[PDB]
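In the form deposited in one PDB entry, a lone chain appears below as structure tokens.
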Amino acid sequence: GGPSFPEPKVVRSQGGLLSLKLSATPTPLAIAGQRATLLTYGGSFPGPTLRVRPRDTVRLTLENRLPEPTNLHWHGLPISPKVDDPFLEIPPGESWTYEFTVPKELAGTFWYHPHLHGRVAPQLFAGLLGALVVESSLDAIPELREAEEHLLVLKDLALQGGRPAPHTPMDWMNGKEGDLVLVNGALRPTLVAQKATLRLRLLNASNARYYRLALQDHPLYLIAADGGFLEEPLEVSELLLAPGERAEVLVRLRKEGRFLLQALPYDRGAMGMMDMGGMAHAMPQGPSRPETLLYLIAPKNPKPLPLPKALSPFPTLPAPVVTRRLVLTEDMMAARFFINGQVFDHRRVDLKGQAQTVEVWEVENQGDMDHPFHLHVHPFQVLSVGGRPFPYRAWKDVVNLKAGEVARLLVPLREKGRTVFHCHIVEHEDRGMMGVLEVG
């Protein structure tokens, strides 16, 4: 409506305090040229971006104006599971105040969304999500300060009768993807760049859709992963963002013109059903159709800044004291999903660890679908996936596993208490692919 490029409204802390009341409410709005009622925080889709600095106080009162219970997960924030409480239920009509201090050693793009087990997928799909940006002193170095910065919330949607389409049985098996492939709730927006270097914060807030990102004629310079900066920029030709992952990239516009940002074809192992004679058997859907995410218009005679030579040194972690093995398996036709052969039970503790120790987690995907594995509260360092060493050091909290692959994670245990790990194809979490970690 206003600036060519739609981005969520930003709410900033004031004098070190971000005090805000958000309502979760069915909201009529215009989206992608049609009128629809979505479930929104703060009356908008996506919800407002919260922008804070380390050591700020966040005081967020969530008013539940939905007809079902809900809660908030502060995705990626290494804060206490007593605040980021995955078992809390806020009944319809009730409110709850989340109060926490932003950790001192923290930077990057995080997000908030519901985490009430069994109702996550319908609520997230309906529009309940927003970003949280932790700004850092590193944002003052000239190579970042002088770049043009934008948030890109990647989230798809399907509408039916002016509401989010309901989940089908097949949706619970695959994770629901929609035909409206949106950026900040907008359909294929145009970004008319004014600076030759762009700094793009990227958030995959979809239930299940993957974004194999590629900018026409350009590489991307990765500078942050889910939970923090890399140590130095990493040049990549494309960047896969699984559900729940974040990244930040620098884009260095090489010449005038129009360049498409696309989600290239990607096969995550979703399944259909076919009947060819007697059959009635499951069959791969194959790769996603390519999608145009936005149009990027370069400015006249672009002369991008030099890349930063360094970002943030990654901490040297203490030697680990235990190795864990978590195997992921599937029962596709039952839409049931397991970790070490079990479905979630909120009464059952599955792993018991010691705060301020480091653990090695070997997560093995023995299913046929991609599974993006997420751990609350305790960001990790991905060492390797599928036997390939990871090409950078940075904090992550979601790691994608293709079929058969093992991820080896270095997991420093931070805040004490009971938290969860789960697949971030949230339909799979709702259907049991989640476990309980207790840190003492």
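What we label the rigid core is the largest C-alpha set whose atoms superpose within 1.5 Å from one form to the other. Numbers follow the displayed sequence, beginning with 1.
Just so you know, the form deposited in another entry exists too; it's not on screen, but the next bit is about it.
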query: 2 Å-or-more CA mover between this form and the one not shown, where superposition uses the core and the choices are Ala280, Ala140, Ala334, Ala319; finding: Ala280
query: Relative Cα spacing, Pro166 and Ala282, in that other deposited form - shift of 3 Å or more; finding: farther
query: Relative Cα spacing, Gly277 and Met271, in that other deposited form - shift of 3 Å or more; finding: closer
